[PDB]
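Chains as they are written, first to last, in UniProt numbering: chain C, 2 to 121; chain P, 1 to 95; chain W, 2 to 117. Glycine is no exception: its CB is placed at the ideal position from the N, C-alpha and C atoms. Read the structure below first, then the notes.
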Amino acid sequence: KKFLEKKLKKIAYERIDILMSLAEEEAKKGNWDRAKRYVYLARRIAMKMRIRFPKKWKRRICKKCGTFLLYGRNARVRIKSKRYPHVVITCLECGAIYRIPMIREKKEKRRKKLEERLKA
Amino acid sequence: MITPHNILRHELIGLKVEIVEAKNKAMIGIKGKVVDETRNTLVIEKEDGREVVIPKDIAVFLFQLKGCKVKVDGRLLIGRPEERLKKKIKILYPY
Amino acid sequence: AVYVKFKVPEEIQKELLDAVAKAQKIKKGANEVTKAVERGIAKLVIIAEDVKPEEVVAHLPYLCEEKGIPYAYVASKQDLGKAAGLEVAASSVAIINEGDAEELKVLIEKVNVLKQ
RNA sequence: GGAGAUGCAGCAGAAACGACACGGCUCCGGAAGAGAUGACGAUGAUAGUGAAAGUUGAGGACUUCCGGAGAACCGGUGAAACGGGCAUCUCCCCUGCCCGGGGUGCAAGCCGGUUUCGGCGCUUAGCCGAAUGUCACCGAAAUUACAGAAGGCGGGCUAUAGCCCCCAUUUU
RNA sequence: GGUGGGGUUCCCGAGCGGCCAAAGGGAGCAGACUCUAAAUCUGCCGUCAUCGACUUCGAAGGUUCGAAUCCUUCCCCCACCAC
Ligand SMILES: [Zn+2]
């Protein structure tokens with residue numbers, strides 16, 4: 002007999018998904034403080050459950066203030082790859098600026114191009 | 001999915017709710033969704049447009065799931081939902 | 002596989018490629034597509050499904066969901082690169098002026114039918 | 001407030017508490033392609049800024065890799081990072097007050113007795129095989145809830161009966 | 001009235017803030033073994049009962065990235081005291 006198929010960490014991951022989806026759904030209405038409360042509760046349950054953030058909702062939030070970042074409204078997203086490949090998220094509310102360095106994927110593409118050169 | 005057994009640990013925010021019994025007479029008859037949740041308090045926005053502050057331990061709640069309607073005391077919902085999903089065991093005896 | 006929202010049929014994918022081939026007045030590269038959907042001059046966004054790293058296009062669809070410009074996906078990036086006019090692949094193409102295929106992008110408004 | 005030491009597991013990240021080795025940047029050596037050709041380039045090209053960041057966006061265009069050494073800037077991770085935090089322990093830098101320092105504790109300690117007992121400590125209540133009883137009433141603070149002395153006094157914690165005062169939600 | 005302490009699996013008992021880390025022993029079940037049985041060994045060991053994963057460390061609150069563990073409170077269990 003199997004009554005409990007869903008464990009504590011599974012319901013924790015479901016609460017992560019539901020809370021951050023409701024954060025996105027409520028952040029577009031005009032209440033950024035309610036969305037900050039959702040991100041704060043999701044971050045508190047992430048540090049409490051010792052579970053990692055999903056890669057979908059990972060870069061959509063700010064670590065300093067906690068505002069859910071709408072790209073374009075209160076978040077400026079620019080891709081610069083002259084010196085090193087990076088995608089920069091800029092919070093318009095407080096001013097915290099984060100980025101996405103892509104050096105090792107460029108290294109993998111570079112090794113694939115070296116293999117295509119040496120085979121040819 | 002949200003189950004009637006794990007509704008003691010599922011998140012209450014984002015679910016329609018009505019209360020059926022309470023000691024406050026004017027509390028009976030409200031219908032709305034859950035927005036904010038603290039240790040023994042729900043902040044419920046009515047369909048009419050009024051925000052109400054409902055204590056949990058004085059009333060019983062009927063949560064509307066995907067088709068389901070589950071009646072749970074707020075005495076079972078004691079604690080912040082953070083600590084409630086940590087682990088909260090509540091055993092109630094209405095003698 | 003992650004940033005994609007809906008499954009794209011192959012026929013409307015070929016319609017997207019034919020629209021990119023017929024337009025030839027476009028913004029290629031994700032920076033110009035992002036600027037075009039922030040300004041609102043773009044009428045159609047085409048995003049490749051095989052983009053690795055995904056972050057280069059991961060800001061693209063939800064922003065369109067904020068701005069109301071119809072966006073759609075193609076499976077290969079090198080085919081979009083050859084349709085845009087380059088020997089090397091392109092991640093995303095925004096269309097400013099369609100021209101002779103303008104009625105065609107009306108059919109790509111049926112992507113909204115795929116949205117529901 | 002400062003110094004010194006430890007720890008922030010595992011995974012991830014270049015890196016988990018002092019700074020660093022590492023990759024983007026500069027130089028040198030080797031290999032491969034090439035002079036109206038070809039390599040590369042919207043997963044970004046000659047390209048600039050205090051190079052976190054932002055403006056730029058292509059008959060643009062002379063390149064790419066590996067290994068070694070160095071002035072400045074930068075870390076996809078995580079709660080927390082070329083840099084500031086957290087907690088513990090020990091010292092020295094202050095201000096004011098007080099001078100015997102520790103250890104056991106009244107079932108301590110002392111006496112008749114010399115195993116075992118009685119007396120002092122011991123009471124404006126003072127038992128020890130642990131006394132403080134019952135009813136009515138003024139009042140409304142009352143024997144009703146938690147609940148009982150054991151050498152005494154002072155501080156703090158725990159649990160609530162009756163009235164008074166103060167604060168909050170529903171309400172009108 | 002007083003001091004030095006302990007509460008973890010059915011019972012006796014360990015355990016650095018960290019992957020059921022939960023040492024374990026005895027017990028139950030199953031395997032193995034034997035003509036049968038004892039002893040020895042192996043897995044479940046609380047549950048699904050093949051790997052593996054989840055819950056319980058007397059109870060509550062709080063600190064923390066995270067509690068058997070660190071702090072506070074509520075408890076109980078020991079040992080010995082009249083001379
Ligand atoms: Zn902000």
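State the DSSP-derived secondary structure class of residue i, mapped to helix, strand or coil.
| i | result |
| --- | --- |
| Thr-35 of chain W | helix |
| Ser-93 of chain W | strand |
| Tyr-93 of chain P | coil |
| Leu-42 of chain P | strand |
| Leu-65 of chain P | coil |
| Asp-51 of chain W | coil |
| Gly-32 of chain P | strand |
| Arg-38 of chain C | helix |
| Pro-86 of chain C | coil |
| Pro-62 of chain W | helix |
| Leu-45 of chain W | strand |
| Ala-47 of chain C | helix |
| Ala-22 of chain P | strand |
| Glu-37 of chain P | strand |
| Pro-55 of chain P | strand |
| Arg-112 of chain C | helix |
| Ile-62 of chain C | strand |
| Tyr-74 of chain W | strand |
| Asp-48 of chain P | coil |
| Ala-13 of chain C | helix |
| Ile-78 of chain P | coil |
In chain P, what lies closer than 7 Å to residue i by C-beta?
| i | result |
| --- | --- |
| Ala-13 of chain C | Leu-85 |
| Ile-19 of chain C | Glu-11 and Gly-14 |
Quick one: list the residues of chain P neighbouring residue i, beta-carbon separation under 8 Å, in chain order.
| i | result |
| --- | --- |
| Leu-23 of chain C | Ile-13 and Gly-14 |
| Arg-16 of chain C | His-10, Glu-11 and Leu-85 |
Using a threshold of 9 Å, state whether the C-beta atoms of residue i and residue j are closer than that.
| i | j | result |
| --- | --- | --- |
| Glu-50 of chain W | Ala-91 of chain W | no |
| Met-50 of chain C | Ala-13 of chain C | yes |
| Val-89 of chain C | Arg-77 of chain C | yes |
| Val-70 of chain P | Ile-7 of chain P | yes |
| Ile-42 of chain W | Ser-93 of chain W | no |
| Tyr-74 of chain W | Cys-65 of chain W | no |
| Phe-4 of chain C | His-10 of chain P | no |
| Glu-47 of chain P | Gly-29 of chain P | no |
| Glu-33 of chain W | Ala-85 of chain W | no |
| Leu-87 of chain W | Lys-29 of chain W | yes |
| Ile-46 of chain C | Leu-15 of chain P | no |
| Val-34 of chain P | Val-17 of chain P | yes |
| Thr-68 of chain C | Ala-43 of chain C | no |
| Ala-31 of chain W | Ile-104 of chain C | no |
| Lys-78 of chain W | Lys-6 of chain W | no |
| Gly-79 of chain P | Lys-88 of chain P | yes |
| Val-3 of chain W | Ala-59 of chain W | yes |
What does residue i touch in chain C if you count any residue whose Cβ is under 9 Å from its own?
| i | result |
| --- | --- |
| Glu-82 of chain P | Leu-42, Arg-45, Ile-46 and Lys-49 |
| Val-3 of chain W | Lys-56 and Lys-57 |
Anything in chain C within Cβ reach of residue i, meaning under 8 Å, just list it in chain order.
| i | result |
| --- | --- |
| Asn-40 of chain P | Here the premise fails: no neighbours, minimum Cβ distance about 16 Å. |
| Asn-6 of chain P | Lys-7 and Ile-12 |
| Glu-39 of chain W | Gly-73 |
| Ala-31 of chain W | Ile-80 |
Run through chain C and tell me which residues come within less than 7 Å of residue i, C-beta to C-beta.
| i | result |
| --- | --- |
| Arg-9 of chain P | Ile-12 |
Could you name the residues of chain W that residue i contacts, counting a contact when the two beta carbons are closer than 8 Å?
| i | result |
| --- | --- |
| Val-88 of chain C | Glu-56, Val-57 and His-60 |
| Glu-106 of chain C | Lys-53 and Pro-54 |
List the residues of chain W whose Cβ lies closer than 9 Å to the Cβ of residue i, in chain order.
| i | result |
| --- | --- |
| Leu-71 of chain C | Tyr-63, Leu-64 and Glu-67 |
| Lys-30 of chain C | Near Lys-30 of chain C there are no residues of chain W at all, since even the closest Cβ is about 13 Å away, more than 9 Å. |
List the residues of chain W that residue i touches, going by C-beta distances under 7 Å, in chain order.
| i | result |
| --- | --- |
| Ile-101 of chain C | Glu-56 |
Is there contact between the stretch 21–30 of chain C and the stretch 52–68 of chain P, where contact requires at least three CB pairs shorter than 8 Å?
no
Decide if the stretch 12–31 of chain W is in contact with the stretch 93–106 of chain W; the criterion is three or more beta carbon pairs, one per stretch, under 8 Å apart.
yes
What is the chain-ordered set of residues for which the beta carbon lies under 6 Å from any non-hydrogen atom of ligand 1?
C:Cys-63, C:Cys-66, C:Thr-68, C:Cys-92, C:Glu-94, C:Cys-95 and C:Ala-97
Does the count of Cβ pairs from the stretch 15–28 of chain P and the stretch 86–103 of chain C closer than 8 Å reach three?
no
Per the contact definition of three or more C-beta pairs closer than 8 Å, is the stretch 6–15 of chain W in contact with the stretch 77–92 of chain P?
no
With contact counted as at least three CB pairs below 8 Å, one residue from each stretch, are the stretch 47–66 of chain C and the stretch 45–53 of chain P in contact?
no
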